[PDB]
Amino acid sequence: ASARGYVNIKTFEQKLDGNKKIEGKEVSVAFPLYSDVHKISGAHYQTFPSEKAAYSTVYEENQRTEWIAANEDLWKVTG
Amino acid sequence: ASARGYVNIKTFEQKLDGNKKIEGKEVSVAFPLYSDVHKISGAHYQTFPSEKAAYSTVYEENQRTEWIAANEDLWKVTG
Amino acid sequence: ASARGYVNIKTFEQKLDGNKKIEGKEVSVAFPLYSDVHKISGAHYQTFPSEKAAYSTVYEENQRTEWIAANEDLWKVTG
Amino acid sequence: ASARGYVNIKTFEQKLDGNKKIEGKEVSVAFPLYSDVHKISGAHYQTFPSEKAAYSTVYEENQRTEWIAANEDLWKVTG
Amino acid sequence: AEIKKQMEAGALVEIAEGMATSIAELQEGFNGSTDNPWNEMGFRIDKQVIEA
Amino acid sequence: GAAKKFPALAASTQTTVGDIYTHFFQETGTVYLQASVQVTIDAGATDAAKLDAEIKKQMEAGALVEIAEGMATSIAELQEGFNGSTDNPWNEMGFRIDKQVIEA
Amino acid sequence: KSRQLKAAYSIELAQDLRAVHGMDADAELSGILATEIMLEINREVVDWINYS
Amino acid sequence: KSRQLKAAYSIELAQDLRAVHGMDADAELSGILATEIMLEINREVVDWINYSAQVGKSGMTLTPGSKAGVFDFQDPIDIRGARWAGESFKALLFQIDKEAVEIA
Amino acid sequence: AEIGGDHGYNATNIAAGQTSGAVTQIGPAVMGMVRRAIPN
Amino acid sequence: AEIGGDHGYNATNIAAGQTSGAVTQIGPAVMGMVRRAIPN
Amino acid sequence: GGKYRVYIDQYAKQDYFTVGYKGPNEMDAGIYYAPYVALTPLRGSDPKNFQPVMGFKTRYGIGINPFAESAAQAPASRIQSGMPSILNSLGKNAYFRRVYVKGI
Amino acid sequence: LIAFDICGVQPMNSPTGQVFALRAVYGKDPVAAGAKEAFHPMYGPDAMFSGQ
């Protein structure tokens, strides 16, 4: 536990082109990590605070660059 | 890590009674944990701040009771 | 019993020199005996009054010199 | 002999750490030598003046550095 | 609950008393005594926060 | 320095990064140096004259630099055994007075 | 019989406490010390009445 | 962060320092301790400036053939081909201006 | 967007002024200090 | 003994007013704000 | 040159100069020295042996000018210590540049 | 002594002060990796930001 709470982030699946889309995702980010970096703007998302991580995938405070990479990945286009 | 810093606590070996001694201990307590609960009064000790635990034995933010017990153990008497 | 109460004496073991120690001791002394003669001061000790002797070794008033020697012996240093 | 008398220094054994001791030493130092160099501050010791060296180990005036090293050794800790 | 039953019963009675002078006079190492510190107290100063 | 002692910087000392090592140069005086690079001093330099020269080279290269620091209040407050603390003396100083003579 | 208490406070506490909160760090403690001794005595008397 | 110093003089010393030499043997120590504290503090500031300072004669303040961080008066690149004291000293002044500019 | 963001409703984050948005805050100031009365 | 104690030399601990001693602080006062200069 | 205030590092270890910027404000200088308590005398005697004891205490604190690093668009963790160390000031402060000098 | 004309001061009347700093940041991620500063002294403006 970050003991500073978490920012819970949901990315809503959206279609981009014929056989192209951005996959939906549900992640939790330690508050200080979220506070350090967020690339979530214009992303088709929704966020909220919590005492404990809301989702099974969590980026803890000491992960830094795993989270930064995860943010780039919230825009990834797939099938 | 505490991701903040620690209060490093060093006690010195003391004799207590016939064939009884107070084992010296070297521990690192996450600063907010130390701030929340401590008993370091009459411990035959020295303290200092650090970014990273100065010692191999560390009590982090989420350990709480491991630390409370560890603190009381500073006066534990052995051989 | 002394029928006058007791003075209970505890001497805390201390080191004196290399392989030399002044052994910890627990004795009870009839109150009037303690009042009459004692050599305990400066000894690394504690005392208290009681109705009945607190310790297994008790010097009843009719000891006089067994007691005086026993008190001096609180300073004896051994292996 | 210095023919100016001596300063006699005796140190006492200390339990510096677990299985570590600073042994007491008996050193007689020529008065003018002691006077010139004496680190014996915080040494856990006793002293006195004398006509003749009081101890079997004596540092004469013309020894200078034998004494300085011996002086430093007063705090030496061994097993 | 069990303690209170014993108190009501008169088995355990609420008590307080001062200390022997012969102990107080030596408190915290006087005249060679040992391991007998004065009891002591302090104060703290904690805090709470809210949000709109 | 009243909080802790530091290891001496000497021939073939290997310095860890971030630690402070100390040295008295035979000229210019006392230096407290914080390691920036893990380096080994090279005990080819034995006599102080060579040791001082090597230390200065490590300083020139920025592998070890001048540093000074105060005492945490959490330490200073209990300096000299307050509240059960131990082995934490204040540093102290004073003066001497000596003499010289001449003859006619 | 005797009854006694100690406070033992630091200088740094007093300096910072005043600078930040306006409190003295001596007056609060002298208050508490005297207070606890008086409160405890008053209870002792009540307790002996219930005891006896 | 804190600091502090003690003097701790004995009675007997003071009695004779006054009787023989006219010393206060108290006030002089207050002088000495206060002085050492002030001197150390001032030094701490200088040590930190040198600590935090960047390596100069580096980056855009370099001459391509230079040694990076050190100005050597015997090196024709650093002194820009200068001769005798009269020209080689001026070369140092030039490097000083370059440093000042990079700071801006 | 210039997001205000929020605290985690975590007392440390609040006391320290740490936010999830663009701007770090100063502090929660002072509402006064609470003390107990002495028993009668 | 009553200990003032200290902060942890860590900005979270400091910003929050946490101490190693008896007394919790209001916060680390105010030293103003530093602005970035605009290019000429 | 009528431009730089030159001071002598009376205790320099090797041979160098540091060029630095200092603005008109108390808050524009790269590094700051911030006094809180100074030269408080303390006096007493130890009844054990009656020898007098005296000394002095102070409290200061130092720190880094925000943006002194001048090598980043943003800090990590957003709440940081301004106290200098191996991670945030060593060889990084925009206000000062150090050059060693040889061959004088 | 060199006094203190080689450093700033920012003196304290109470311990432990704090200072803020403001940065102008572009790209809709003011708090982020790669979130470039608009007025940094060593970097030019992203000339083709508002442009082509």
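For reference, chains read A, B, C, D, E, F, G, H, I, J, K and L in written order, and residue numbers begin at 1 within each chain.
The working rule: a contact is a pair of C-beta atoms (placed from the backbone, for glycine too) under 8 Å apart; a residue touches a chain by one contact, two chains touch by 3 or more.
Molecules present, by chain and UniProt name: A, B, C, D = Small outer capsid protein.
A.B. asks: Moving only to chains each one touches, count the minimum steps from chain B until you reach chain J.
C.D. replies: Shortest path length, in steps: 1.
A.B. asks: Which two chains does the highest number of contacting C-beta pairs join?
C.D. replies: Ranked by contacting C-beta pairs, first place goes to H-K.
A.B. asks: Let me have the rounded angstrom distance from the C-alpha centre of chain A over to the C-alpha centre of chain K, please.
C.D. replies: 42
A.B. asks: Averaged over CA atoms, how far is the centre of chain D from the centre of chain E? Could you give it in whole Å?
C.D. replies: Here the centre of chain E sits 49 Å away from the centre of chain D.
A.B. asks: Just how far, in Å, is the C-alpha centre of chain L from the one of chain A?
C.D. replies: Going by mean C-alpha positions, chain A sits 28 Å from chain L.
A.B. asks: Of all the residues in chain A, which ones touch at least 2 other chains?
C.D. replies: 3, 32, 35-36, 38, 41
A.B. asks: Note the residues in chain K that touch 2 or more other chains, in rising order.
C.D. replies: 9, 11, 20, 27, 30-31, 33, 55, 57, 59-61, 65-67, 77-79, 82, 90-91, 100
A.B. asks: Please give the residue numbers of chain I that touch chain E in the complex, ascending.
C.D. replies: Answer in residue numbers: 7, 9, 11, 14-15, 28, 33.
A.B. asks: What residues of chain K sit close enough to touch chain H in their complex?
C.D. replies: Within the complex, chain K touches chain H at residues 1, 4, 9, 11, 16-21, 30-31, 33, 39, 41, 50-62, 64, 68, 84, 89-104.
A.B. asks: Would you pull the chain E residues touching chain J in the complex into a rising list?
C.D. replies: My answer: residues 40, 42-47.
A.B. asks: Which residues of chain J touch chain K once you look at their complex with the stated criterion?
C.D. replies: 9-12, 14-15, 31-32, 34, 36
A.B. asks: Using the touch definition from the top, list the residues of chain B that touch chain F in their complex.
C.D. replies: 7, 12, 40-49
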